[PDB]
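1. A structural model of the following input is requested.
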Amino acid sequence: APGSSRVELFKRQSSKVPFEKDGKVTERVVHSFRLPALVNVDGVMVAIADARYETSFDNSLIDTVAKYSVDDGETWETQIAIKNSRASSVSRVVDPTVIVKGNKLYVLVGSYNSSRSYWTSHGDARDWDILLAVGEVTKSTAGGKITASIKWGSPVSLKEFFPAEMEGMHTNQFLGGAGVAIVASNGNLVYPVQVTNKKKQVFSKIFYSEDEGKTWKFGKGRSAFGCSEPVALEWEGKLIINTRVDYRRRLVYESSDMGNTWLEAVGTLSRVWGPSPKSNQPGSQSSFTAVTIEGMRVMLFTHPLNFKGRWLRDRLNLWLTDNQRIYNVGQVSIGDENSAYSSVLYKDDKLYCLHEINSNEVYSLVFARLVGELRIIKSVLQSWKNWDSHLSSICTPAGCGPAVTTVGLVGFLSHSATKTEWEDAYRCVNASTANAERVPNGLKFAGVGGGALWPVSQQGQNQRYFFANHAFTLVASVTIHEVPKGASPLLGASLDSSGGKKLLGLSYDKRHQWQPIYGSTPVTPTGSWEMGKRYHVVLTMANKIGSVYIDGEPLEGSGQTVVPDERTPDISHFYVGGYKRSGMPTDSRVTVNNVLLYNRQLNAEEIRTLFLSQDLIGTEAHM
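-> Numbering: from 1, shown residues only. Coordinates below:
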């Protein structure tokens, strides 16, 4: 990450805090700092975390610490924001979850007195309470300098707002999701929380306040069981709740009603991020925020790749998305260091990250200036803005006809390419190629093993195109140069590595007929094609039903079921211009230009517009 730098701000076994017991205060060295939350309150940076005094073990002596800085993190003041009960050597306030409103810091923590086991193992609520503290931030210009101060009020218990029963079950305990929460546009304070029932199941809900934290309510809905440490943001009027699932892919939900109803975001972010290369290890806390960079509203997300496994969680990664495309900014941590939990802040056009580093179960929080990362972010964002503008600005055949649609446009293969890759104009996911000749706005393919492969499940740990299993539209322009000896592939979605089992696709045969493929259904050839003519192809799949269009018209027999019901598809890849498989005997001799991938089924007018503007959309001349 060139240009980037960091310091060990909360330094393990070294940094001191003001430890208060029985009216006496003493500067005390801390063993480990975990659970970072980094915010901006009216120009003052505030960093909140767990201060684990004697060991990094979860069930041990822990206070909530705060450092604050009025100089962008070059110098800091240190406090204890919330102290534990002092009842035993293992008394602790935990998973501090932060909201900023005006000059106030609202901090929600669980509080435990003497238990030696993790909260989810508790058969009862006897050792638990749920507390809220408010910190008031004031600034002074006396002396020609800026001096900040933070007055932490005494914590108040919110237990009276926790109902004994919820949609059937009996409740046990609840905690904030850790890190940073939000104020909704309507002004509500909004905490995504993790909750236990008497069966020891864990699940996530929305815990919110309409009156500045005086009283709290729960939404009636919930995630599925197994979803912990939830993190939420507001996007286009809805909450987006991104959850941790140990040993499984992360689940993402949307709610428009403060959590009364939760819908899995299968068409965008759900099931995209895996907790380890094989997605069979513990998950992690994540930073997940909505911000505006160069006038464009976007989302930033962090999660470790966990190549090592168990809870080591090396290789902290940062991600950028506009709820359509998803781009890997890259690794924030350094080398193979262990680096699990994190908080990303964007303030006055500069990007910072406070994150953990773990050596032998001893934890520091480093404070990094993400210079290189914001540079890459701005570049990608300008490319998204560039191509969206390019498409939207085309005067379509008609005056001008309807604008080409960029709503839900995720990927686009056009003029840019290299020897073995067809480049995504949106810079997220490229297609691998074989036997391909570059031509204007695309590629010409020839011979056994020829074609392009656009990976879906082959993406591996992080699957940006998971939405296609639920709905998509794939568009391309195709020209056939030679009559084939049998049926040959042009374009499709493959359910296995070879392209043998297809979800939806289009082939062409020796009798000059098209062969559209609907799932495992028997194939009936139809229509007619000529060598050399450029054809417009559109494949749509939504609500388990697949359609194929040529030149803006449905192939006779389109609209057939392509997936057995309740059974969800796992697409391997999209194939284009061949199978790109030497094992597959076919020889597709064809030119493909301008491949577009959308995360929804386009309507009739959108399809017709794409058909009518085929020769206008290439990237060749605006480069």
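
2. could you dump stretch 511-522 to PDB, C-alpha only?
-> Presented in PDB, the C-alpha positions along stretch 511-522 are these (Å, rounded to 0.1, in the frame of the first residue of the first chain):
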ATOM      1  CA  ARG A 511     -28.900 -26.800 -40.000                       C
ATOM      2  CA  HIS A 512     -28.700 -23.000 -39.400                       C
ATOM      3  CA  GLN A 513     -31.000 -23.300 -36.400                       C
ATOM      4  CA  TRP A 514     -30.600 -21.800 -32.900                       C
ATOM      5  CA  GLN A 515     -30.500 -24.300 -30.000                       C
ATOM      6  CA  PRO A 516     -31.600 -22.500 -26.800                       C
ATOM      7  CA  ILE A 517     -31.000 -24.600 -23.700                       C
ATOM      8  CA  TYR A 518     -33.500 -24.500 -20.800                       C
ATOM      9  CA  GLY A 519     -31.900 -26.300 -17.800                       C
ATOM     10  CA  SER A 520     -32.000 -30.000 -18.200                       C
ATOM     11  CA  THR A 521     -35.100 -29.800 -20.500                       C
ATOM     12  CA  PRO A 522     -34.800 -31.500 -23.900                       C
END
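
3. contacts made by that stretch with the rest, please.
-> Contacts with stretch 511-522, where a contact means Cβ atoms under 8 Å, 6 or more residues apart in numbering, come from 483, 487, 492, 501-509, 523, 525-530, 546, 548, 550, 555, 557-558, 560-563. Quick note: C-beta positions are derived from backbone N, CA and C, even for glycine.

4. swap in stretch 458-467?
-> Applying Cβ under 8 Å, 6+ apart, the external contacts of stretch 458-467 come out as 249, 266-268, 270-274, 276-277, 279, 305, 325-326, 328, 410-411, 428-429, 455-457, 571-573, 597, 599.

5. what's the answer for stretch 301-318, then?
-> Applying Cβ under 8 Å, 6+ apart, the external contacts of stretch 301-318 come out as 242, 250, 273, 275-277, 281-284, 286-288, 300, 319, 321, 328-333, 336-340, 342, 344, 353, 355, 358, 370, 373, 461.

6. among those residues, which are in helices?
-> Filtering those for membership in helices, criterion DSSP state H, returns residue 373.

7. so which of the contacts of stretch 301-318 are in strands?
-> Using DSSP state E, the members of the contacts of stretch 301-318 that fall in strands are 242, 288, 300, 319, 321, 328-331, 342, 344, 353, 355, 358.

8. adding neighbour count, write those residues out as CSV.
-> As requested, the ones in strands among the contacts of stretch 301-318 are arranged in CSV below (neighbours: other Cβ atoms under 10 Å):
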residue, neighbour count
242, 28
288, 25
300, 23
319, 21
321, 17
328, 16
329, 22
330, 12
331, 17
342, 28
344, 26
353, 25
355, 24
358, 21
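
9. only whichever of the contacts of stretch 458-467 are buried, select them in ChimeraX.
-> Buried residues among these (16 or more other Cβ atoms under 10 Å), as a ChimeraX selection:
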select :249,266,267,268,270,271,272,273,274,276,279,305,325,326,328,410,411,428,429,455,456,457,571,572,573,597,599
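
10. now restrict the contacts of stretch 511-522 to buried residues only.
-> Buried members of the contacts of stretch 511-522, scored by 16+ other Cβ under 10 Å, are 487, 492, 502-509, 527, 529, 546, 548, 550, 555, 558, 562-563.

11. okay, helices next: where are they in the protein?
-> For the chain, applying DSSP H gives helices covering 371-392, 604-612.

12. the shortest one vs helix 371-392, what angle?
-> With axes from the mean of the first three to the mean of the last three Cα atoms, to 10 degrees applied, the angle from helix 604-612 to helix 371-392 works out at 90 degrees.

13. distance between helix 604-612 and the chain's centre?
-> 31 Å (Cα atoms, centre = their mean, to the nearest Å).

14. for stretch 265-285, same thing?
-> Using Cα atoms, centre = their mean, the offset of stretch 265-285 from its chain centre is 9 Å.

15. end to end, how far does that stretch reach?
-> Taking Cα to Cα, to the nearest Å as the measure, stretch 265-285 stretches 19 Å from start to finish.

16. now swap in stretch 360-376 and tell me
-> One end of stretch 360-376 to the other measures 33 Å (Cα to Cα).

17. over to stretch 112-127?
-> OK, stretch 112-127 end separation, Cα to Cα: 5 Å.

18. which residue lies farthest from the center of this protein?
-> The centre of the chain is farthest from one residue, residue 511, which by Cα atoms, centre = their mean lies 46.9 Å away.

19. distance of that residue relative to residue 528?
-> Counting by Cβ to Cβ, to the nearest Å, the gap from residue 511 to residue 528 is 9 Å.

20. next one: residue 246
-> Where residue 528 is concerned, residue 246 sits at a distance of 55 Å (Cβ to Cβ).

21. ditto for residue 14
-> 78 Å.

22. do residue 264 as well
-> Applying Cβ to Cβ, the value for residue 264 to residue 528 is 43 Å.

23. how about residue 68?
-> When distance is defined by Cβ to Cβ, residue 68 is 73 Å away from residue 528.

24. what do you get for residue 81?
-> To residue 528, residue 81 is 74 Å away according to Cβ to Cβ.

25. can you list the domains in the protein?
-> Annotated domains of the chain cover 1-369, 370-623 [curated CATH domains].

26. residue 170 bridge partners, please.
-> Beta-bridge partners for residue 170, by DSSP bridges, are residue 165.

27. sorry, slip of the keys, the one I care about is residue 412.
-> residue 596.

28. ok, it touching residue 386?
-> No. Between residue 412 and residue 386 there is no contact under Cβ atoms under 8 Å: 11.5 Å.

29. and those two? Which one has more around it.
-> Using other Cβ atoms under 10 Å, the more surrounded residue of residue 412 and residue 386 is residue 412, with 23 against 14.

30. can you pull the contacts of the more buried one?
-> Contact partners of residue 412, counting by Cβ under 8 Å, 6+ apart, are 387, 424, 425, 426, 594, 595, 596, 597, 619.

31. wait, the fourth one sits on residue 385?
-> What that stands for is residue 426. No. Contact criterion Cβ under 8 Å: residue 426 and residue 385 do not qualify, at 10.8 Å.

32. these two: which is more packed in?
-> Taking other Cβ under 10 Å, residue 426 and residue 385 do not tie; residue 426 has more neighbours (22 against 13).

33. gap between the more buried one and residue 371?
-> 24 Å.

34. my guess is residue 555 contacts residue 549, does it?
-> Yes. With contacts counted by Cβ under 8 Å, residue 555 reaches residue 549, the gap being 7.0 Å.

35. and the longest strand along the chain, what does it pack against?
-> For the chain, the strand that runs over the most residues, judged by DSSP E, is strand 128-140. If you count contacts as 3 or more Cβ pairs under 8 Å, 6 or more residues apart in numbering; DSSP states H and E, strand 128-140 packs onto strand 44-52, strand 62-69, strand 77-82, strand 104-112, strand 147-152, strand 156-157, strand 169-176.

36. what's the third one packed up against?
-> Taking 3+ Cβ pairs under 8 Å, 6+ apart as the contact definition, the neighbouring helices and strands of strand 77-82 are strand 16-21, strand 62-69, strand 92-101, strand 104-112, strand 128-140, strand 147-152.

37. next, format those as JSON lines and append mean neighbour count and distance to residue 180.
-> JSON lines is the format used below for the helices and strands packed on strand 77-82 (neighbours: other Cβ atoms under 10 Å; distance: least, Cβ to Cβ, whole Å):
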{"stretch": "strand 16-21", "mean neighbour count": "15", "distance to residue 180": "21"}
{"stretch": "strand 62-69", "mean neighbour count": "24", "distance to residue 180": "14"}
{"stretch": "strand 92-101", "mean neighbour count": "23", "distance to residue 180": "5"}
{"stretch": "strand 104-112", "mean neighbour count": "24", "distance to residue 180": "11"}
{"stretch": "strand 128-140", "mean neighbour count": "18", "distance to residue 180": "14"}
{"stretch": "strand 147-152", "mean neighbour count": "15", "distance to residue 180": "17"}
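
38. any idea which of the helices of the chain is most buried?
-> Most buried of the helices of the chain by mean neighbour count (mean count of other Cβ atoms under 10 Å) is helix 604-612; its value is a mean of 19.
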